[PDB]
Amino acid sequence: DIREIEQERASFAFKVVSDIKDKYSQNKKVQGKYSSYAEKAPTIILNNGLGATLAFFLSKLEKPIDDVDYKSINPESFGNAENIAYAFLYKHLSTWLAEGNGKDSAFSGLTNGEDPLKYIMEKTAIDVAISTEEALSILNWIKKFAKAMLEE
């Protein structure tokens, strides 16, 4: 179960970091910023909570945004490396929490498709803490594959 969830985490991290490397093969700033933000996210989450951290990522983005629902976010539409990277990280983390690695997979999320930032404001402290553990787990995988695949 830990085995299968670790397998799904690795698969997802590979997918999302590969996409960054593919879309920004010749933009090392985007690669580097995404790597940095993935690495620093765990500390922000521990000291502020997952909800605040997701809101933090959104706070960075050029406004206005149509919809901060993670499915609606187009990371590639922002106009600097920092914004693009924060949008990606928000979108990736949110997607993991709400959908896991897909309906097909051994883990399909914790929020049942509810926007995670919203779910976090509604559920028990213990359920928020469980989602926080899961966020930290996927972030660790993302960090490892960023160090394997992306420029710093």
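So that there is no doubt, residue numbering starts at 1 and follows the sequence shown.
Mean Cα B factor from the PDB record: higher for 90 to 98, or higher for 111 to 119?
Mean CA B-factor is higher for 111 to 119.
Once you work out the mean C-alpha B-factor for both 40 to 48 and 63 to 71 from the entry, which is higher?
Of 40 to 48 and 63 to 71, the stretch with the higher C-alpha B-factor average is 63 to 71.
Going by the entry, which of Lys23, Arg9, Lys144, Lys15 has the most elevated CA B factor?
Reading the PDB entry, the winner on C-alpha B-factor is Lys23.
Compared with the other modelled residues in the chain, in which third is the CA B-factor of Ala106?
Answer is highest: the recorded C-alpha B-factor places it there.
Mind checking which third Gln31 falls in for C-alpha B-factor across the chain?
Within its chain, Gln31 is a middle-third residue by C-alpha B-factor, going by the deposited values.
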